[PDB]
Structures are given as C-alpha cells and as structure tokens.
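Colleague: In the UniProt record's numbering, the protein residues as written are 1027 to 1190.
Heads up, the beta-carbon is just placed ideally off N, CA and C, and yes, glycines get one too.
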Amino acid sequence: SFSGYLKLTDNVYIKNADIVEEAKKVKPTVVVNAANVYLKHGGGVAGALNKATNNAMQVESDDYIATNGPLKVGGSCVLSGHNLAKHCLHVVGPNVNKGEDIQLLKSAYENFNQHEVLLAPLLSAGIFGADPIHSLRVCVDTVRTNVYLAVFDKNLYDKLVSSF
Ligand SMILES: O=C(O)C[C@@H](NC(=O)c1ccc2[nH]ccc2n1)c1ccc(Br)cc1
C-alpha cells in the first residue's frame, strides 16, 4: 500500500511526504515515532503524530512512563498506533542539541530490525540536531527490514537523493 517511493537500496525507500499524512493514508502495521526518553511528544514528528491522535498517544505514553520509567537513548518501545497505524514504535535517537552521543544512532536504527516493514522518519534529524545525510547512511547500513522513509522537507529530500 506504500506508493510513490523512490528505491534507494534493496530494503530502503524514500519519499517527500508528511509522515502523519502518509500514516493516515496507508494505515501501516508500524509507524516510527522520533521519541525522547520521556515520551513527551511536544514538537517535531512526535508532536505532529500525537496531535493527529487527538493526544491519545500522549495519554498512553504517560501511563507507560509511570509504569516503566524512561527509555534509554538508542532504545524503543512498542505502543498503540491509534488512528495512524496498528502499532507505533517509539524510537529514541540521540539529540545532539541536548549533548547526546551520535554513536547511539546506529543502536536506535537497530530497533527497526524487529519489524518486517515500517513507515519512519530519519532519526536524530530536524530538532534533534544531527546531519540528516549521516542519518540516512546509518539507516541504509543498519536496517535490514523494509523501511519506507518519509522526509517532510522538500529541499532536504532533494539533497538526500542527489547526494546518496
Ligand atoms: O525533513 C525531514 O523529514 C527531517 C525533518 N524533520 C522534522 O524536523 C519534522 C518536524 C515536524 C514534522 N511533522 C511531520 C514530520 C516532521 N518532521 C527536518 C525538517 C526541516 C529541516 Br530544514 C530539516 C529537517
């Protein structure tokens, strides 16, 4: 049901699209959220996915944190996808703006290997402060399952394809 993606490798595909709109259209088995360790979905991809769920993602996430405590940087948890997907895989890439180790980006993408197919954003990109060209390279060199990357910014999308 994914359509219009450009094939980068055997298993990695990419499209200039809003991941919220893509999830509403496709209703994938798994949508990846660019989460923080507290599952506080304020802004970026997380704020946008949460708003699309009418804040149900944040209510579920606060119950998960109250029970389990925070995730690790490089870690993940599987929660409901609400109206966007069957499941949401909340993955914590390092936030370089907040001082986290960029080597944890490969650990973050390893979480995707537990799922056969995913709709995802580039981890640690945008407000997380990392170089998106580097994030795409770690993605293609780490993930073995089928990943459909949605890149919101048109100019970044064009740069990512032309420099790949
Ligand atoms: O373009 C990408 O997908 C990376 C992107 N991410 C966001 O910050 C980002 C933020 C909010 C969003 N809502 C749905 C999606 C989404 N994404 C980013 C945007 C612009 C620049 Br300039 C650099 C990076």
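Quick one: what's got a C-beta closer than 6 Å to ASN1172's C-beta in the same chain, skipping five residues either side?
Modeller: If you number the sequence shown from 1, residue 1172 lands on position 146. Closer than 6 Å at the Cβ level, and outside the excluded window around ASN1172, lie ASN1037, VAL1143.
Colleague: Cutting at 6 Å between CB atoms, please list the residues of its own chain near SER1150, excluding the five before and the five after it.
Modeller: Translated into positions along the sequence shown, residue 1150 becomes position 124. The residues are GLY1119, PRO1120, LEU1131, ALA1156, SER1161.
Colleague: Given that a residue counts as buried once 16 or more other Cβ atoms are within 10 Å of its Cβ, and exposed if not, what is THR1079?
Modeller: Mapped onto the sequence shown, residue 1079 falls at position 53. Per the 10 Å Cβ criterion, buried.
Colleague: If we call anything under 8 Å between Cβ atoms a contact, is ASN1042 one with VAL1177?
Modeller: Residue mapping note: residue 1042 aligns to position 16 of the sequence shown, counting from 1. Residue mapping note: residue 1177 aligns to position 151 of the sequence shown, counting from 1. Taking 8 Å as the Cβ cut-off, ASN1042 and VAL1177 qualify as a contacting pair.
Colleague: Tell me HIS1113's beta-bridge partners as DSSP assigns them.
Modeller: Sequence index remark: in the sequence shown, residue 1113 carries index 87 (1-based). For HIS1113, which the question treats as bridged, DSSP gives the partners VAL1056, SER1106.
Colleague: Does DSSP classify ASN1181 as helix, strand or coil?
Modeller: Here residue 1181 refers to the residue found at position 155 when the sequence shown is read from its first residue. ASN1181 falls in the helix class under three-state DSSP.
Colleague: Tell me whether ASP1184 counts as near ligand 1, meaning its Cβ is closer than 7 Å to at least one heavy atom of that ligand.
Modeller: The residue given as residue 1184 occupies position 158 in the sequence shown. The answer is no for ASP1184.
Colleague: Ligand 3 and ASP1157: does any heavy atom of the ligand fall closer than 7 Å to the residue's C-beta?
Modeller: Absent from the structure shown: ligand 3. Ligands present: ligand 1.
Colleague: Report yes if the CB atom of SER1189 is closer than 8 Å to the CB atom of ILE1153, and no otherwise.
Modeller: For the purposes of this step, residue 1189 is identified with residue 163 of the sequence shown, where counting begins at 1. For the purposes of this step, residue 1153 is identified with residue 127 of the sequence shown, where counting begins at 1. Taking 8 Å as the Cβ cut-off, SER1189 and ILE1153 do not qualify as a contacting pair.
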